[PDB]
């Protein structure tokens, strides 16, 4: 069939989001370290101001992102960039890492550890989640708990996963079309894999110009690479591109049939393709809001 072959094909070029959180190297999972990681992820006491947590910009009930064109949350950033989703971030390859870069932006490791040492409940959770350690309340221990909570922030069973799994009836007519167009148009070169993307860097980026106020450019000439985003849950993580300038997901497909790629796109193939991309929305994780423990007289105060 022309099917059993879009489908035996895709089965090859993509893997589904696994049932369970993956293993992190150096950093075993446990109910307690996951509880701890989640407490921290939601605690705005990690910012010097007591105003920002990771959820502020990576909102688990609104697709893992912040709905904003751009923001600055990591110290390595040369200015506002669009916040990627935390959802399925663990599968990407995109004190060097996300928690540390965040903390050193809004705080110093020092005040963060003074803050955690200051609350008995947190000390006690650090001791359960990292046992047999003399001093388990460390900057590095804290990032590791958060990472193990992040690892649970995956979205199994989108219509597409249910398709690579077997079921052809998981995609509809217009999304099965869309797919073929996605492969056929080479889409899957740059945005394929376990995570449809999150994996390569390309001398390719969306730009203003000083039907298509926006389009692609070659930045080889500037030794500038951008990573090619995971496309999972993209229907829920607008606006689009590093600068968050495209709001319509149809547009964003129309900006990505660039000359620069050897790809032409019809207004109706973009359509088909946006409707394929809709299929990439998985089951949103179920998070019980953490009950974070009260500060004590010893806890540093908001700083200004």
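Positions refer to the first chain, counted from 1.
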Counting only residues that lack coordinates, how big is the gap in the deposited sequence between residue 94 and residue 95? Pick none, 1 to 3, 4 to 9 or 10 or more. 10 or more
Absent coordinates between residue 210 and residue 211 - deposited residues affected, binned into four classes: 4 to 9
Average Cα temperature factor in the PDB entry - higher stretch of 28-36, 244-252: 244-252
Mean C-alpha B-factor higher for 98-106, or for 217-225? 217-225
For the C-alpha B-factor as written in the entry, point me to the maximum among 56, 70, 279, 260. 260
In this crystal structure's PDB entry, the residue among 142, 83, 154, 181 with the greatest CA B factor is 181
How does residue 230 rank on Cα B-factor within its chain, lowest, middle or highest third? middle
Grab the CA temperature factor for residue 120 from the record and place it in the lowest, middle or highest third of its chain. lowest
B-factor third for the C-alpha atom of residue 11 within its chain: highest
Hey, what third does residue 127 fall into on Cα B-factor, ranked over its chain? lowest
Ranked against its chain, the third holding the CA B-factor of residue 88: lowest
